[PDB]
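Visitor: Residues 4 to 125, 127 to 261 (the entry's author numbering) make up the sequence shown, in order.
Using N, Cα and C, we set each Cβ at its ideal position, and we do this for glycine too.
Let me give you the structure first, and then I'll get to my questions.
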Amino acid sequence: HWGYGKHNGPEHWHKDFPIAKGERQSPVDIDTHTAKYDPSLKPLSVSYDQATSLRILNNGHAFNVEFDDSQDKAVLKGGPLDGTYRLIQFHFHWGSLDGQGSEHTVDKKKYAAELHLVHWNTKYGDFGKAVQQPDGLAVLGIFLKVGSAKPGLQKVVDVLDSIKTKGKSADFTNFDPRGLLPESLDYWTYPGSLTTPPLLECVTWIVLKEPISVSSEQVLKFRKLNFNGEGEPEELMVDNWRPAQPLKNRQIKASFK
Ligand SMILES: Cc1c(F)c(F)c(S(N)(=O)=O)c(F)c1F
Ligand SMILES: Cc1c(F)c(F)c(S(N)(=O)=O)c(F)c1F
Ligand SMILES: OC[C@H]1O[C@@H](O)[C@H](O)[C@@H](O)[C@@H]1O
Ligand SMILES: OC[C@H]1O[C@H](O)[C@H](O)[C@@H](O)[C@@H]1O
Ligand SMILES: [Zn+2]
């Protein structure tokens, strides 16, 4: 199966997922000087007050915190979005060292990690139908830099020892994803894709400008996870990021003047 190593990583994915070389791939470098303020963007609304987290899963690529998306409990609206997008899961991408790990870059600068809150457009009824649509998904991306600890991340950090290997899961109820946001909702937006196989071109990306700060100890615990299953030789789960892809016929728009 696909992964992030030399023999199954991003440079190999196109052989089984030809859209990897498509017209709308993610991530991209965000050139902050070329990005243009867009007055047509509406105010962004992140409404997570009623979110219901359920479970945390090591899927052999990253870990996903899953939400009850059987109703509009936690939604993203506004900004570039037409309609309501329901939160289904979040996960991260991170590096083996603090100088890399993010998928998007900002004027080519790589952050230590990147958080993705994944939402699907409710007009399509289920995530599976949504990923057959050009506007099926919205991913809210948040950069992580290493500095002071992020208190709202610590519950995630502390459960990782129980999901060390691929296929392990644990209860993860009553987690509030609002604690993972920065203060400002200033953002850049562009049309793109999943950054993992199957690389489907369904995503409106909304990437926040303000990083969150996490401590070195927090990110070091991400790096103790394993790509491998239980019993198998240890392969540390690090560098699970795809590099920036060609911008092609796209423009990045900014929410801020
Ligand atoms: C043995 C092997 C590969 F060489 C490979 F390139 C990929 S791919 N294109 O998905 O990255 C695989 F899934 C795989 F199992
Ligand atoms: C199922 C799934 C992923 F595994 C994933 F990694 C992403 S990503 N990195 O583009 O945020 C998604 F949007 C997504 F829907
Ligand atoms: O033709 C002018 C238009 O060009 C487009 O590429 C830009 O996105 C618009 O902001 C601009 O008004
Ligand atoms: O909120 C996520 C999780 O945080 C801590 O692990 C709590 O002990 C647990 O009860 C909860 O599910
Ligand atoms: Zn992701």
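1) Report the three-state DSSP secondary structure of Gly132 (helix, strand or coil).
2) Just how far apart, CA to CA, sit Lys170 and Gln222?
3) Could you check how far apart the C-beta atoms of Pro13 and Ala248 are, in whole angstroms? I think they sit under 8 Å.
4) Does the beta-carbon distance from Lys149 to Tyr194 come in below 9 Å?
5) Can you give the Cα-Cα distance for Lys18 and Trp5, rounded to whole angstroms?
6) What residues in its chain sit with their C-beta under 7 Å from that of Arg182, if we drop five residues either side in the sequence?
7) So if DSSP puts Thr193 in a beta bridge, which residue, or which two residues, is it bridged to?
8) Report all residues from its chain with a CB closer than 8 Å to the CB of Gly86; omit the five preceding and five following residues, and keep chain order.
9) Under a three-way DSSP split, which group does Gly156 fall into?
10) Start and end of the alpha helix (DSSP H) containing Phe226?
11) If you run the structure through DSSP and keep just helix, strand and coil, what is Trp123?
12) Give the secondary structure of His107 by DSSP, where H, G and I count as helix, E and B as strand, and everything else as coil.
13) I want to check one thing, is the minimum distance from the CB of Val211 to the heavy atoms of ligand 5 below 8 Å?
14) Span of the beta strand (DSSP E) holding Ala174?
15) Assess, as a yes-or-no matter, whether the segment 101-121 is touched by the segment 138-158 under the definition of 3 or more beta carbon pairs within less than 8 Å.
16) According to DSSP, what are the bridge partners of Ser217?
17) Please confirm whether any heavy atom of ligand 5 lies closer than 8 Å to the CB of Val143.
Guide: The structure says:
1) If DSSP states are grouped into helix, strand and coil, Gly132 belongs with the helices.
2) 20 Å
3) No, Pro13 and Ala248 are not in contact; Cβ-Cβ is about 11 Å, not under 8 Å.
4) no
5) 10 Å
6) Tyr51
7) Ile210 and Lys257
8) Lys80, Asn124, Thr125 and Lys127
9) helix
10) Counting along the chain, the alpha helix (DSSP H) containing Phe226 begins and ends at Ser220 to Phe226.
11) strand
12) coil
13) Annotation for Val211 indicates a beta carbon at 8 Å or more from all heavy atoms of ligand 5.
14) Where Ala174 is concerned, the enclosing beta strand (DSSP E) stretches over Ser173 to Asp175.
15) yes
16) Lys149
17) For ligand 5, at least one heavy atom lies less than 8 Å from the Cβ of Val143.
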